[PDB]
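We begin with a single chain expressed as structure tokens, specifically the form deposited in one PDB entry.
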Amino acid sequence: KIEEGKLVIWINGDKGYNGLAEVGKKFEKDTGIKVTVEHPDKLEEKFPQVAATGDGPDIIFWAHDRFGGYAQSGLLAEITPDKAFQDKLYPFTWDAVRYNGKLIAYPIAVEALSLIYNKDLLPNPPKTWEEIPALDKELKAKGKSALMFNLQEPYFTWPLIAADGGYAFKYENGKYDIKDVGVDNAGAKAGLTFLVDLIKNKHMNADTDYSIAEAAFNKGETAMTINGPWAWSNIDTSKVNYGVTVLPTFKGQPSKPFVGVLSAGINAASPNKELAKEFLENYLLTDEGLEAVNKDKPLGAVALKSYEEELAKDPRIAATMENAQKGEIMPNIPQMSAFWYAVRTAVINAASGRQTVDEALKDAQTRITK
């Protein structure tokens, strides 16, 4: 079970782990329990492995889609905030962290992808995916490109796949039907085809990853990128003149991002649960704790009503909420990990031209429902 009489936290590398570390600091200065903040690579993958052995962090932060699986494997402790503490948070955010009716984590923030554009190359962002090719044609003549975003992570591409009808698991009478998947239907096929055509026709490259896309927009070479709130910090730092807005429509329907609820879970294997709960509910989940974190890497829309209230007014935040509203909150069922790996292969194989769209989506469909 290990741990000690201290706190070890694991959070993804794209989040404000230094803001989080500033918050451990006044936990410790006010308590004697020192907090250690780490951001291992693949932590979402590494957790189940080391926690399974009874070790790992005291507290783990990830989007809520991974939590149903952790809970089913028994890796998380059931938390118990009272109705007063519960009351401070938006209720749709506690729903995201419920597995078989029990709460298995504290909801922190509401994440949705947005279109980010360079106001200096493109004062007015395109309203449609369909006018992007033309747009690229024009910029390219000027040594630039219309759009670049991470193609290696299915999370970035799902909004387009889902726009005209693709879907993960059908939500039917209080639960998700694991055998009803919409990764190979006509909307999903139209969506991926459109993407592959972008590449085919040299508007985009099959290899773009997170770093390539980020450096491109931050250096002024591409006019738009698609990313979450956590990327805003580096943009600010590069001083590009950027706007954040709704994603473009495809076939007249809104792009539909999967929405993630950034969440903090307690290792079932920790000796520190009480410490952990003090920290979360009394240090981090305050206006002050959230703001130390948000000044490091922006969180998006926060689940704490009080702070959220001050947060947006911010047009970046308003846009985040609008894309979120057109999207769908992810399922947290154990099957989310099969879905993601199947959809990850499919896109890469289709973008790389190793498989046709029809072949890629069909394999994915089979893989998921097996």
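Superpose the two forms; the largest set of C-alphas matching within 1.5 Å is the rigid core. Numbering starts at 1 and follows the sequence shown.
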property: Of 166-174 and 221-229, the stretch whose C-alpha atoms average the higher B-factor in the entry; result: 166-174
property: Higher-B stretch (mean Cα B-factor, as the entry records it), 152-160 or 97-105; result: 97-105
property: Candidate set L247, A269, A112, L290 [ranked by C-alpha B-factor, highest]; result: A269
property: Maximum C-alpha temperature factor, selected from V240, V261, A146, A71; result: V240
property: Cα B factor band for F67 (lowest, middle or highest third within the chain); result: lowest
property: Where the record places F27 (Cα B-factor, split into thirds across the chain); result: highest
property: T36 CA temperature factor, ranked by third within the chain; result: highest
property: Where the record places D180 (Cα B-factor, split into thirds across the chain); result: lowest
property: B-factor third for the C-alpha atom of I368 within its chain; result: middle
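From this point on, the text means the form deposited in another entry, which you will not see here.
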{"property": "Core-superposed comparison between the shown form and the other one - Cα displaced by 2 angstroms or more, from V196, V259, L76, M148", "result": "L76"}
{"property": "Distance trend in that other deposited form - C-alpha atoms of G228 and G13, change of 3 Å or more", "result": "farther"}
{"property": "Distance trend in that other deposited form - C-alpha atoms of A213 and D296, change of 3 Å or more", "result": "farther"}
